[PDB]
Amino acid sequence: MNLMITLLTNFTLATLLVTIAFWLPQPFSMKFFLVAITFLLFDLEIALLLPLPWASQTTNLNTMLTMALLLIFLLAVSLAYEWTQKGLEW
Amino acid sequence: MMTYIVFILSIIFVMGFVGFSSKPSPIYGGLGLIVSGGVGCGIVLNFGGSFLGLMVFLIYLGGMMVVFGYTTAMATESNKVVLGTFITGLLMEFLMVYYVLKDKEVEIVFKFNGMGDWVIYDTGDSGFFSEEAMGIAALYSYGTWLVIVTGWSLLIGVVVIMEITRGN
Amino acid sequence: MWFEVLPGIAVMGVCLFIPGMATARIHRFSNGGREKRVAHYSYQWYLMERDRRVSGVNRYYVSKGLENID
Amino acid sequence: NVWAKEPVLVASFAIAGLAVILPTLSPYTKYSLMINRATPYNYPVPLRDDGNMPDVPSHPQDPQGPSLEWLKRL
Amino acid sequence: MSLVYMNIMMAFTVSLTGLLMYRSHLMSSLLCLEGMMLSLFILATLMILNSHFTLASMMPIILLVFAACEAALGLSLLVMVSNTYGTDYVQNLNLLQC
Amino acid sequence: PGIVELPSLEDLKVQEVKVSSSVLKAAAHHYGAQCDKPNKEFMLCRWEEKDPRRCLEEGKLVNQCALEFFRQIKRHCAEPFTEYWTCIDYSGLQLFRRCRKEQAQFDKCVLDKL
Amino acid sequence: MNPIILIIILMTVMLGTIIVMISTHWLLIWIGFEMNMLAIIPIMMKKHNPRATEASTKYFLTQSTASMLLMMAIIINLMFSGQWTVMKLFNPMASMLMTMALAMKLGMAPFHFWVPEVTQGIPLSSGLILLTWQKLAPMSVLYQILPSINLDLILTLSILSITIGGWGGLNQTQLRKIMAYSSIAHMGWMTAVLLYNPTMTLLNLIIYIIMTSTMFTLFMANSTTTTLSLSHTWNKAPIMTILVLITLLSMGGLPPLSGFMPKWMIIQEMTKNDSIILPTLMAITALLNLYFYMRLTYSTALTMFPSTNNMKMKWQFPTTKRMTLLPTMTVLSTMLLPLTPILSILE
Amino acid sequence: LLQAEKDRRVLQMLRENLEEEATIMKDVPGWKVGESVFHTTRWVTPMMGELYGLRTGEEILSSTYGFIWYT
Amino acid sequence: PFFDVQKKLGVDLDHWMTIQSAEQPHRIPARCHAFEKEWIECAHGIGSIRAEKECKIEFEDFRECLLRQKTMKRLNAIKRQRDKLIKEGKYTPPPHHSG
Amino acid sequence: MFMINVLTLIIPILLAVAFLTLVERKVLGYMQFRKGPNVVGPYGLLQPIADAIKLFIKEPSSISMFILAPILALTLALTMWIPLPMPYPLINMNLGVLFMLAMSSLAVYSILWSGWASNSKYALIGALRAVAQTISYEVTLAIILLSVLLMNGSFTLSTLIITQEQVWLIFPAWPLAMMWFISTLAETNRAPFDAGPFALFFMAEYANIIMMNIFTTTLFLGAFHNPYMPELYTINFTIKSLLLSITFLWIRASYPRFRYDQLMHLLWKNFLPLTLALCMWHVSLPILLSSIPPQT
C-alpha cells in the first residue's frame, strides 16, 4: 500500500499536469520485421539467462558452468547463423 | 480500502480480458492486453510474489506487445457488435459478482466458496531464502534436460523464422 | 568562463540533494531516532513482528530492552 | 590478415576461448566448492545418539567432527 | 476451491471465446491467443506458489518462453499473408476451397 | 472424522522471554554455547515427532534456560552490553561488522569476569 | 533452404516425437508437441505459392489452439491432485479437454475441417511427414492416459470420424483430399479400439503408416494431383498401374490382402466384449469408404483413358527419381495377411 | 527459542478458536463440535484462517498481507 | 506407446521434476509433503485398480490437504452463523482481545 | 509523513529537469562559444521557469490515444526513481534492476502509441524506426547489468551499494561498463543516437536521462557510507551524478548523428559478440577466483 499509494500519486499528479496542459486553451519493409523477431528470440534467451546469479551458489558447480556456457554459446551461435546467412542486411 | 484486494484485482483482470475479447481495433486490443498483464502481475506479486510475475513483466509486457504493436503498425489499420458484446460480458461479470457476494457458493462446474479469501496462506514460516527465487535458482543445477531442449527449440525457432521470412 | 554557470549548477545540485536528505531526515524522525528495518526475507519479518508484539505499544522501535527481565 | 579485418571478433574469440579453457585447470575450484558447501542455510539436525560410533561430536566446542578453518587461514 | 481461481478460469474461457469467434482481422485472433497464454501462466503460477511446491517452479517461465516463440511463428505467418495480399483479413483466405 | 485434542489454557502459561529481537540477535553466540545443551533435545523431539502438543515440556525447559541466561547476563557484566545492543540496534538490517569494537569490549568483559 | 537446414529440421521433428514418446513429465509432452509444430511449419511452404501460405496459416491456428487447450488440461490436472506423473487424470473435465485437444490435434470429425485444406495446398513430402508423424505421436499420449477416459468421448469422436471421413470422399476428385479423407477414416478405426485393447490400435498405427507411405511414394512416381494424371501414368508406365491397384484395394481392406488385418483382429477383440451394433456399424461405413478407392481404380488401372501425345516424347527418358523405400513397403503392406500372429510382436 | 514461542502461540490461538467454535454454534442441529476434516490424527498446520478469524481487518491485514506490500 | 529409455539409461533426468519428496534445492518441503508420501507408499507396488479400491481414504485426505475446501466450508458456515447471531443480538463482540 | 516522502520524491524532479535544461543550454553554449541565457532573469533561471509557463499557455490522435501516450510517459518518469538508493531508497525492493528494464520497455510503448496516434505515414515510419532503435539496445543493457551484478550477488541493489565501498566497480569491469554507458546514450535518444504536449514528452525524456545518470553512478561507483550520517554520502553521490551529466553534455556537443543502418550494424556485429564474450567471462571467472558473492 506504500508503493500502491506512490503509484497512484504519480498517476494523479500526471493527470493533473495533463489536464492543466489541455484545459487552458479550452507498404513496409521486410527488414523492419526481422529486427522485432530477432529481438524477441534473443530477449527470450535473456529471460532464460538472467536468474543465473541467484543460482550461482550450488554444490554441482561443473554442471552449472557447463549449461551456462551452453546457453550463451547457443545465443552466440544463433547470432552467428544469422550473421553468416546475412540475416540483418540493409 | 478493505481486505479482498485479490478479488478486486481479479475483477479488473476479467474486465481487461473482456475489453479486448470484444474484438476491437487491434491497437485498442493491445492497450487492453497491457492493462490485463499489469494487473495479473499485480495479483501474482500479491500472492508473494517476490520474483516471478515481475520476471515475466519484462517479457510478456516488455517483449511481446511491443512486437504486436510493431507488426500492427506496419501491416494495416463505434460498431454495435463490439460495444454490445462488451456490455453483455460486463453484465455476466456483474451477475457473477452478485452471486459470489449475496450467496454461499458458486458453481460453474466446481464448488467455489463464496467469500474473499486470504486462505490458504503461509503461517509466517521461516524461509530466509525466498522460496520461489530459489526455485527459479534451479534449472541450472538439476535442470539438465530442460534448458537443453529449450535452447534447442529457441535455435530452431530462429532458423524457422528466417527461412519463412525468406531464407536467404 | 564557467563564472556564470555555477549558479544554475549549484541550485540544481541542491535540487538533486534534497530528496535523499529529506528521506533520511524523515526515516530518523519516524522511528524515534532509529533506522527503519529492511526485511527482505520472511525470517526478518517474523523477527520484526515479534519485536513489535513485545513492545506492547504496537511500535517496535521502543524495543523494551533488558527491563521485562524479572 | 586475421587481425586487421575483424579485430573485435578476434578479441571476442580470445577472451571466450580463455573463458572456456580456463575453468578446466585451476587451483581454486575445490575452494569454491568447499566454501559453497559449508554455509548452512537450514538447520543441522540433532540425532538420537549412536550405535556407539566414533564420530558425531557432542559438544559444539568438541574438536572431533568436520571443521571449516581456512577462512581465517587464507 | 477458492475465489480467485473461478475468476481466472472465467477470464480464460472468455479469452477462449474471443480466440474462437473472431470477425475481420487475424492479428486480434493471435493477440487473444497471447491473452490465453497469460491466463495459463497466472493460473499455474498461483497454484505453485500456494502449494509452496518450490521444486518444479520451471513451469511458468518455460511455458511463457515457449508460447512466446509460438507467437513469434504466428507473427511471421501473419506478416507473410499481409505481404502476399493487401491486408490481413479473414477474406483473401477464401481461396483453396474445401 | 475424529476430533482433535489439545492441552488447555492452564498448561500454556509459561513465562516467556519478553525481551526484544535486536538484543536477542546481539547476544546470539554465547547463548549458543553457554545454554543450548538441552534445546537440541527440544529440536530432536520436534523433528522426530512433528506434533507440537507432544514436545512442549522441552519448550518450557528451554524457556527457563534462556530466562536464567538473561538473568545471569543482566545482574553482572556488562552494563555497556546495553550500549552494545543499542549500537547494533539502529544499524538497519543487522551486521556484525559495523558495531564491532563494542563487541570486543563485551567479549573482554566476559572473558575476564566469567 | 539448405540440405543442412532440412536435415536439422527433420532431426527436430524426430526429436519432438521422441520427447513425446519418452518422457514422464507433462511439461515435456507439451514442449514436444510445440517443437513438432514449430519445425513442421517450414516443411510446408517449400514453394511459395499462396496455397501453402493459407494452408500453413490454417494449420498453425488450429494446432496452436489445440496445444494451449492441452496445457489447460494439464493445469486443471494440477489444480486437482498435484504431481507431474503422466498417468490417470483426476477430473473428468481434464480428461474431456485433453481428448478434445487430441481430437483437434490429429483430426476428428468435429475438428477435422483443416485436414483436407492443409493437405491440398502443399507438396506431397510435407503431407507425408504430417500424416505419418503427426498421427503417430499423440497416439502415444492416448496410450499413456487410457485408464481415465470417459468412453463416450472416444466413441462419439470415433464413429463420427468414420462416417464423416466416409461421406467426404465421394465428391473429391483431388488426390490429396481423397488421401486426407482416408486419413480421417483410419483415425476412426485407430481410435475406437482404444479403451479395450490398445495393442490393436498401435498395430493399426503401424499398418496405416506403412500403407500411406506406399501411397505417397506411388504418387511421387510422378507429380500427380488429379486422377487424369494417373491415367497418363498408365500410358507412361505399366507397373505403377498394378501397384496402384494392389495398394488401393489394400487401403480398401479385402481379406486376401494385408489391409484386412486392421479390421479383422479389431472386430475380434472388440466383440469379445459385447459391443456388436457398434462394430457392425463401423464395418458398414468401412464398406462405404472403399468406393472412392474403387472409382480411382476404375479410372486408371482397369479401364484405359484417352491420352495425349508428347507421352511419345516421354517414353525415351527414365522415371529417374530415387523411390525412397518402395518395394519393401509394397510387399510388406500387401502380402502380410498370413502373419496376423505378428500382432503380439508389440508388447 | 522462537520456535518454542511460536508453538505456544499457535496452540493458544487454536485453543481460543476451538473454544469459540464451541460457543458460537451452541444450538445448531447436525454438527459435531470439533470435527477435524482429516482421517489421520497427525498435526495439520492450519491455514491462517483458523489462526486468524473474526478479527475484522487490522491484525489479519497487518499479519498476512502486511509483509508483501511492506518493504 | 511409451518407452523406458529413462529407465534403461539409469540417469533419472526427469524423475526429479516430477513429485515432491525429492531433492528440493535447499531441503525444504512443500505444504502437503506427508500426504503425498503416505499416498504414494499406499499405492506403490499396487496394480492401479485395487489401488483405487484401497487407497481412496488417503487420496481424499491428500486432496483435502491441497484444496482445504471442506475446511473452508466449515469456516464459512461458522462465519455466516456469526454474522446472523451478531445481527440478531448475542454478544456485541468480545471474542477477540477481551476473553 | 509518508505522503511528504512522496511529494519530496516526485515534485523536485520537475525542478531538477527544468534546471537541467538551463544547465545543458548554458554549458553547451560555453562549449560552443556562447554566453546565454543571461538576459531574462539573473544568470538564466527565470528564463526556464518562463519557458515552462509559456509552453503551458499556448493554444494548440483519438483523444484516448492522444492522451494515453504522454500520461504513460510521465508516469514512468515519476515512478522510476523508486528504488535508487540515495542512501535510504523510498521502497526497499528486493529486486529492482528488473524493474528498471521493465519500465524502459514501457517507455517503448509510449513512443509507439504516440507514433500511431500521430496518423501520418512519414511520422509513422519515423516512429517505427525509433521504436526499433530504442528496443535494439535493451538486450545489451540487460546482459551487462546481469554481469555487473553477478559480481555482487543479488538484485537488491542495497547489497550493491554495500559492495562498492572497497573499490569502484568501474575498475573490475571497465569495457563492460563503457558499453553500458554507450547503451545509455542509445536509450536516452540523444545525439549521436537518433505533435504534443511537448512539455510532457520532453519532460519524460529528460527525467529518463537523469535516471540513467543516477543509475550509472549507483551501479558503478560511489562513496563510503558514513554510519548515522548519510548527508556526506548524498553530497558526493550527487556531485558524481552531476559530473557524469556534464560528461554526457560533453559527449553530446561534439558528434554527428549516426546513419540508422550504421547504428544497427554497429550494435549487432560490434557490441553483441563483445558483450557476450565479456559476460561469459564474468560467468566462468568468479568461480575460478574462489569468489562467489553471497546472496544472503
# chains A, B, ... in the order shown; residues from 1 in each chain; ligands from 1

$ select_by_dssp --residues "stretch 5-163 of chain B" --states "alpha helix (DSSP H)" --output "PyMOL selection string"
chain B and resi 5-21+26-44+52-59+65-73+80-101+131-136+144-163

$ closest_atom_pairs --of "chain F" --to "chain J" --cutoff "12 Å" --atoms "only C-alpha atoms" --output "CSV"
residue,atom,partner,partner_atom,distance
F:87,CA,J:227,CA,10.8
F:88,CA,J:227,CA,11.1
F:89,CA,J:228,CA,11.9
F:90,CA,J:228,CA,8.5
F:91,CA,J:227,CA,7.8
F:92,CA,J:88,CA,10.2
F:93,CA,J:158,CA,10.9
F:95,CA,J:162,CA,11.5
F:97,CA,J:227,CA,11.9
F:98,CA,J:227,CA,8.3
F:99,CA,J:227,CA,9.8

$ interface_residues --of "chain G" --to "chain A" --cutoff "12 Å" --atoms "only C-alpha atoms" --output "VMD selection string"
chain G and resid 1 to 2 5

$ residues_around --residues "residue B:73" --least-positions-apart "4" --cutoff "10 Å" --atoms "only C-alpha atoms" --output "list in words"
residues 28 of chain A; 26, 27, 67, 68, 69 and 77 of chain B; 112, 113, 115, 116, 124, 125 and 128 of chain J

$ write_last_selection --atoms "N, CA, C and O atoms" --output "short mmCIF file (atom, residue, chain, number, x, y, z; two decimals), in the first residue's frame"
data_model
loop_
_atom_site.label_atom_id
_atom_site.label_comp_id
_atom_site.auth_asym_id
_atom_site.auth_seq_id
_atom_site.Cartn_x
_atom_site.Cartn_y
_atom_site.Cartn_z
N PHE A 28 5.71 -1.40 -46.68
CA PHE A 28 6.52 -1.61 -45.49
C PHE A 28 7.91 -2.03 -45.93
O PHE A 28 8.27 -1.91 -47.10
N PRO B 26 -7.08 -3.57 -33.37
CA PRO B 26 -6.05 -4.33 -32.64
C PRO B 26 -5.14 -3.49 -31.77
O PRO B 26 -4.51 -4.04 -30.86
N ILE B 27 -5.10 -2.16 -31.93
CA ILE B 27 -4.26 -1.42 -31.00
C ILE B 27 -5.03 -1.05 -29.72
O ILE B 27 -4.43 -0.98 -28.64
N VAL B 67 6.13 -6.09 -29.97
CA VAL B 67 6.23 -6.69 -31.29
C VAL B 67 4.86 -6.74 -31.94
O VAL B 67 4.74 -6.59 -33.17
N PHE B 68 3.81 -6.89 -31.14
CA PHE B 68 2.46 -6.84 -31.68
C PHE B 68 2.12 -5.46 -32.22
O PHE B 68 1.59 -5.34 -33.33
N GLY B 69 2.42 -4.41 -31.46
CA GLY B 69 2.19 -3.06 -31.95
C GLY B 69 3.04 -2.72 -33.14
O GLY B 69 2.59 -2.02 -34.05
N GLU B 77 -4.40 -0.77 -40.77
CA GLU B 77 -5.13 -0.02 -39.77
C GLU B 77 -6.56 -0.55 -39.65
O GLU B 77 -7.34 -0.09 -38.83
N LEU J 112 5.62 4.26 -29.17
CA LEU J 112 4.86 3.62 -30.23
C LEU J 112 3.42 4.11 -30.27
O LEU J 112 2.84 4.25 -31.35
N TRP J 113 2.82 4.38 -29.11
CA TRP J 113 1.45 4.88 -29.10
C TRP J 113 1.35 6.29 -29.65
O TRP J 113 0.40 6.61 -30.37
N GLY J 115 3.38 7.53 -31.82
CA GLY J 115 3.59 7.41 -33.25
C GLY J 115 2.38 6.89 -34.00
O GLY J 115 2.11 7.30 -35.13
N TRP J 116 1.63 5.97 -33.38
CA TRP J 116 0.40 5.50 -34.00
C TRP J 116 -0.65 6.60 -34.04
O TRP J 116 -1.30 6.82 -35.07
N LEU J 124 4.86 8.08 -39.06
CA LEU J 124 4.66 6.69 -38.66
C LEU J 124 5.91 5.86 -38.88
O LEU J 124 6.34 5.13 -37.99
N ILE J 125 6.52 5.98 -40.06
CA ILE J 125 7.73 5.21 -40.33
C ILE J 125 8.91 5.76 -39.53
O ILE J 125 9.79 4.99 -39.10
N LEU J 128 8.39 4.32 -36.12
CA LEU J 128 8.67 2.89 -36.19
C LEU J 128 10.17 2.62 -36.08
O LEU J 128 10.60 1.76 -35.29
#

$ interface_residues --of "chain B" --to "chain E" --cutoff "8 Å" --atoms "only C-alpha atoms" --output "number ranges by chain"
B: 6-7, 10-11, 13-14, 17-18, 20-26, 29-30, 33, 37, 40, 44, 47-48, 52, 56, 60, 64, 68, 71-72, 75-76, 110-117, 120-121, 131-132, 134-136, 138-139, 150, 154, 157, 160-161, 164-165

$ closest_atom_pairs --of "chain I" --to "chain E" --cutoff "9 Å" --atoms "only C-alpha atoms" --output "tab-separated table"
residue	atom	partner	partner_atom	distance
I:16	CA	E:55	CA	8.4
I:17	CA	E:56	CA	5.6
I:18	CA	E:56	CA	7.5
I:19	CA	E:56	CA	8.4
I:20	CA	E:55	CA	7.3
I:22	CA	E:55	CA	8.5
I:23	CA	E:55	CA	7.9
I:24	CA	E:55	CA	5.1
I:25	CA	E:55	CA	6.9
I:28	CA	E:54	CA	8.4
I:29	CA	E:53	CA	7.7
I:30	CA	E:53	CA	4.9
I:31	CA	E:51	CA	5.7
I:32	CA	E:51	CA	7.4
I:66	CA	E:51	CA	7.2
I:67	CA	E:1	CA	6.1
I:68	CA	E:1	CA	7.7
I:69	CA	E:1	CA	5.6
I:72	CA	E:1	CA	8.7

$ write_last_selection --atoms "N, CA and C atoms" --output "short mmCIF file (atom, residue, chain, number, x, y, z; two decimals), in the first residue's frame"
data_model
loop_
_atom_site.label_atom_id
_atom_site.label_comp_id
_atom_site.auth_asym_id
_atom_site.auth_seq_id
_atom_site.Cartn_x
_atom_site.Cartn_y
_atom_site.Cartn_z
N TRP I 16 13.12 -36.03 -11.15
CA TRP I 16 13.36 -35.05 -10.11
C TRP I 16 12.39 -33.90 -10.17
N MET I 17 11.94 -33.56 -11.37
CA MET I 17 10.89 -32.58 -11.62
C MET I 17 9.52 -33.03 -11.15
N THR I 18 9.35 -34.30 -10.84
CA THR I 18 8.03 -34.91 -11.02
C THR I 18 7.12 -34.64 -9.83
N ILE I 19 7.50 -35.12 -8.66
CA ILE I 19 6.64 -35.10 -7.48
C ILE I 19 7.40 -34.31 -6.43
N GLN I 20 6.87 -34.22 -5.21
CA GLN I 20 7.61 -33.78 -4.04
C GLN I 20 8.43 -34.94 -3.51
N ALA I 22 11.57 -35.18 -2.90
CA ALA I 22 12.81 -35.37 -3.63
C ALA I 22 13.79 -34.29 -3.20
N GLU I 23 14.85 -34.11 -3.97
CA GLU I 23 15.77 -33.01 -3.72
C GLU I 23 15.13 -31.70 -4.18
N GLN I 24 14.30 -31.14 -3.33
CA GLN I 24 14.04 -29.72 -3.44
C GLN I 24 15.33 -28.98 -3.11
N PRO I 25 15.64 -27.87 -3.81
CA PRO I 25 17.06 -27.47 -3.99
C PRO I 25 17.80 -27.12 -2.71
N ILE I 28 13.79 -28.09 1.81
CA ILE I 28 12.54 -27.72 2.46
C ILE I 28 11.45 -28.60 1.86
N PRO I 29 10.36 -28.78 2.56
CA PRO I 29 9.23 -29.49 1.96
C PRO I 29 8.28 -28.51 1.32
N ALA I 30 7.20 -29.03 0.76
CA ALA I 30 6.08 -28.21 0.33
C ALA I 30 5.05 -28.15 1.46
N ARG I 31 3.84 -27.69 1.14
CA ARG I 31 2.77 -27.66 2.14
C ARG I 31 2.20 -29.04 2.41
N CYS I 32 2.05 -29.87 1.37
CA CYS I 32 1.38 -31.15 1.54
C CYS I 32 2.33 -32.32 1.32
N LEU I 66 -4.61 -30.31 -0.08
CA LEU I 66 -4.24 -29.36 -1.13
C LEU I 66 -5.30 -28.28 -1.29
N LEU I 67 -6.56 -28.68 -1.38
CA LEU I 67 -7.62 -27.71 -1.59
C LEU I 67 -8.08 -27.07 -0.29
N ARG I 68 -8.19 -27.87 0.77
CA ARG I 68 -8.81 -27.47 2.04
C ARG I 68 -10.20 -26.90 1.81
N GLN I 69 -10.95 -27.54 0.93
CA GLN I 69 -12.25 -26.99 0.58
C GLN I 69 -13.27 -27.25 1.68
N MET I 72 -12.64 -24.88 4.52
CA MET I 72 -13.24 -23.60 4.18
C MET I 72 -14.75 -23.63 4.26
#

$ interface_residues --of "chain A" --to "chain J" --cutoff "6 Å" --atoms "only C-alpha atoms" --output "compact mmCIF listing (two decimals) with N, CA and C atoms, in the first residue's frame"
# COMPACT_ATOMS: atom_id res chain seq x y z
N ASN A 10 1.66 9.25 -8.44
CA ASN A 10 2.30 9.54 -9.72
C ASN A 10 1.26 9.67 -10.81
N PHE A 11 0.28 8.77 -10.81
CA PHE A 11 -0.79 8.82 -11.80
C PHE A 11 -1.64 10.08 -11.64
N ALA A 21 -2.42 21.01 -18.91
CA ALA A 21 -1.86 21.17 -20.24
C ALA A 21 -2.93 21.19 -21.33
N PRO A 25 -6.19 26.00 -23.04
CA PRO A 25 -6.78 26.55 -24.27
C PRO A 25 -8.29 26.50 -24.28
N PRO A 53 22.57 -15.43 -11.43
CA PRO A 53 23.25 -15.12 -10.16
C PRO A 53 22.51 -15.57 -8.92

$ residues_around --residues "residue D:41" --least-positions-apart "5" --cutoff "9 Å" --atoms "only C-alpha atoms" --output "list in words"
residues 128 and 129 of chain B; 26 of chain I

$ write_last_selection --atoms "N, CA, C and O atoms" --output "PDB file, in the first residue's frame"
ATOM      1  N   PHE B 128      13.760 -17.621   4.839  1.00  0.00           N
ATOM      2  CA  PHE B 128      15.055 -16.929   4.841  1.00  0.00           C
ATOM      3  C   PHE B 128      15.759 -16.946   3.481  1.00  0.00           C
ATOM      4  O   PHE B 128      16.745 -16.232   3.285  1.00  0.00           O
ATOM      5  N   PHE B 129      15.234 -17.668   2.492  1.00  0.00           N
ATOM      6  CA  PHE B 129      15.849 -17.617   1.173  1.00  0.00           C
ATOM      7  C   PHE B 129      14.874 -17.340   0.034  1.00  0.00           C
ATOM      8  O   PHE B 129      15.272 -17.494  -1.127  1.00  0.00           O
TER       9      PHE B 129
ATOM     10  N   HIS I  26      17.180 -26.360  -1.826  1.00  0.00           N
ATOM     11  CA  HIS I  26      17.565 -26.352  -0.427  1.00  0.00           C
ATOM     12  C   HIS I  26      16.469 -27.078   0.319  1.00  0.00           C
ATOM     13  O   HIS I  26      15.285 -26.852   0.055  1.00  0.00           O
TER      14      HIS I  26
END

$ interface_residues --of "chain A" --to "chain E" --cutoff "10 Å" --atoms "only C-alpha atoms" --output "short mmCIF file (atom, residue, chain, number, x, y, z; two decimals) with C-alpha atoms, in the first residue's frame"
data_model
loop_
_atom_site.label_atom_id
_atom_site.label_comp_id
_atom_site.auth_asym_id
_atom_site.auth_seq_id
_atom_site.Cartn_x
_atom_site.Cartn_y
_atom_site.Cartn_z
CA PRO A 27 3.69 -0.72 -47.85
CA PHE A 28 6.52 -1.61 -45.49
CA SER A 29 9.96 -3.18 -45.28
CA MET A 30 10.81 -6.79 -44.61
CA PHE A 33 10.22 -7.20 -39.32
CA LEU A 34 13.39 -9.22 -38.72
CA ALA A 36 11.49 -7.41 -33.98
CA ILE A 37 11.66 -11.19 -34.15
CA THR A 38 15.42 -11.16 -33.66
CA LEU A 40 12.05 -11.44 -29.42
CA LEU A 41 14.18 -14.56 -29.62
CA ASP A 43 15.06 -11.49 -25.34
CA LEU A 44 13.70 -14.94 -24.60
CA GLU A 45 17.24 -16.23 -24.26
CA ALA A 47 14.84 -14.45 -19.94
CA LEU A 48 16.48 -17.82 -19.55
#

$ residues_around --residues "stretch 52-56 of chain G" --least-positions-apart "2" --cutoff "7 Å" --atoms "only C-alpha atoms" --output "PyMOL selection string"
(chain E and resi 81+93) or (chain G and resi 41+44-45+48-50+58-60+117-118+121-122)

$ interface_residues --of "chain A" --to "chain D" --cutoff "9 Å" --atoms "only C-alpha atoms" --output "list in words"
residues 57, 58, 59, 60, 61, 62, 65 and 69 of chain A

$ residues_around --residues "residue G:95" --least-positions-apart "4" --cutoff "9 Å" --atoms "only C-alpha atoms" --output "PDB file with C-alpha atoms, in the first residue's frame"
ATOM      1  CA  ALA G  73      -5.940 -29.742 -19.324  1.00  0.00           C
ATOM      2  CA  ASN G  77      -4.938 -31.764 -13.527  1.00  0.00           C
ATOM      3  CA  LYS G  88      -4.635 -41.341 -14.816  1.00  0.00           C
ATOM      4  CA  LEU G  89      -6.113 -37.874 -14.558  1.00  0.00           C
ATOM      5  CA  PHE G  90      -8.253 -36.899 -11.594  1.00  0.00           C
ATOM      6  CA  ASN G  91     -11.038 -34.945 -13.228  1.00  0.00           C
ATOM      7  CA  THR G  99      -9.303 -35.745 -25.520  1.00  0.00           C
ATOM      8  CA  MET G 100     -10.658 -32.706 -27.305  1.00  0.00           C
ATOM      9  CA  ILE G 145      -3.740 -41.795 -20.480  1.00  0.00           C
ATOM     10  CA  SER G 148      -9.101 -42.288 -17.218  1.00  0.00           C
ATOM     11  CA  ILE G 149     -11.183 -41.688 -20.332  1.00  0.00           C
ATOM     12  CA  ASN G 150     -14.917 -41.229 -20.496  1.00  0.00           C
TER      13      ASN G 150
END

$ residues_around --residues "residue F:62" --least-positions-apart "6" --cutoff "9 Å" --atoms "only C-alpha atoms" --output "JSON, numbers by chain"
{"F": [35, 36, 38, 39, 42], "H": [1, 4]}

$ closest_atom_pairs --of "chain G" --to "chain I" --cutoff "10 Å" --atoms "only C-alpha atoms" --output "tab-separated table"
residue	atom	partner	partner_atom	distance
G:18	CA	I:3	CA	9.3
G:20	CA	I:2	CA	8.5
G:21	CA	I:2	CA	5.1
G:22	CA	I:3	CA	5.6
G:23	CA	I:6	CA	7.4
G:24	CA	I:14	CA	7.0
G:25	CA	I:18	CA	6.3
G:26	CA	I:18	CA	8.9
G:27	CA	I:17	CA	9.8
G:28	CA	I:14	CA	9.1
G:79	CA	I:67	CA	8.5
G:80	CA	I:63	CA	7.3
G:81	CA	I:63	CA	6.3
G:82	CA	I:19	CA	8.0
G:83	CA	I:19	CA	5.0
G:84	CA	I:18	CA	4.7
G:85	CA	I:18	CA	6.2
G:86	CA	I:18	CA	9.3
G:88	CA	I:48	CA	9.2
G:136	CA	I:1	CA	9.3
G:137	CA	I:1	CA	8.4
G:138	CA	I:1	CA	9.1
G:139	CA	I:1	CA	7.0
G:140	CA	I:1	CA	4.1
G:141	CA	I:1	CA	7.4
G:142	CA	I:1	CA	8.3
G:143	CA	I:1	CA	5.7
G:144	CA	I:1	CA	7.1
G:147	CA	I:48	CA	9.3
G:198	CA	I:1	CA	9.2
G:199	CA	I:1	CA	9.2
G:201	CA	I:1	CA	9.9
G:202	CA	I:1	CA	7.4
G:346	CA	I:1	CA	9.9
G:347	CA	I:1	CA	9.8

$ interface_residues --of "chain F" --to "chain D" --cutoff "12 Å" --atoms "only C-alpha atoms" --output "list in words"
residues 29, 30, 32, 33, 34, 35, 36, 37, 38, 39, 40, 41, 42, 43, 44, 45, 46, 47 and 48 of chain F

$ write_last_selection --atoms "N, CA and C atoms" --output "short mmCIF file (atom, residue, chain, number, x, y, z; two decimals), in the first residue's frame"
data_model
loop_
_atom_site.label_atom_id
_atom_site.label_comp_id
_atom_site.auth_asym_id
_atom_site.auth_seq_id
_atom_site.Cartn_x
_atom_site.Cartn_y
_atom_site.Cartn_z
N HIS F 29 25.70 -15.78 20.08
CA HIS F 29 26.65 -16.88 20.06
C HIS F 29 26.91 -17.44 21.44
N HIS F 30 27.09 -16.56 22.42
CA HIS F 30 27.36 -17.02 23.76
C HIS F 30 26.13 -17.63 24.40
N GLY F 32 24.44 -19.46 22.33
CA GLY F 32 24.57 -20.71 21.61
C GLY F 32 25.54 -21.68 22.24
N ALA F 33 26.47 -21.19 23.04
CA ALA F 33 27.46 -22.05 23.68
C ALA F 33 27.16 -22.32 25.15
N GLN F 34 26.71 -21.31 25.90
CA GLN F 34 26.51 -21.50 27.33
C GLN F 34 25.28 -22.33 27.61
N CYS F 35 24.10 -21.84 27.21
CA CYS F 35 22.90 -22.66 27.19
C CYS F 35 22.92 -23.51 25.93
N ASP F 36 21.75 -24.03 25.56
CA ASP F 36 21.50 -24.78 24.33
C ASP F 36 22.20 -26.13 24.30
N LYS F 37 22.65 -26.61 25.44
CA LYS F 37 22.85 -28.05 25.60
C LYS F 37 21.52 -28.80 25.67
N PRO F 38 20.45 -28.34 26.34
CA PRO F 38 19.20 -29.10 26.25
C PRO F 38 18.21 -28.64 25.20
N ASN F 39 18.46 -27.59 24.41
CA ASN F 39 17.46 -27.26 23.40
C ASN F 39 17.49 -28.21 22.22
N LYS F 40 18.62 -28.86 21.99
CA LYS F 40 18.70 -29.86 20.94
C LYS F 40 17.85 -31.07 21.28
N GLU F 41 17.57 -31.28 22.56
CA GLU F 41 16.56 -32.25 22.95
C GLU F 41 15.19 -31.83 22.46
N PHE F 42 14.86 -30.54 22.59
CA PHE F 42 13.62 -29.99 22.04
C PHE F 42 13.58 -30.12 20.53
N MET F 43 14.70 -29.86 19.88
CA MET F 43 14.75 -29.93 18.43
C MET F 43 14.63 -31.36 17.94
N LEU F 44 15.24 -32.30 18.66
CA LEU F 44 15.12 -33.71 18.32
C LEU F 44 13.70 -34.20 18.50
N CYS F 45 13.01 -33.73 19.54
CA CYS F 45 11.61 -34.08 19.70
C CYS F 45 10.78 -33.50 18.58
N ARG F 46 11.11 -32.29 18.16
CA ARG F 46 10.32 -31.62 17.14
C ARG F 46 10.51 -32.26 15.77
N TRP F 47 11.72 -32.72 15.46
CA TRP F 47 11.91 -33.36 14.17
C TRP F 47 11.45 -34.81 14.17
N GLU F 48 11.71 -35.56 15.24
CA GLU F 48 11.29 -36.96 15.27
C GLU F 48 9.79 -37.10 15.45
#
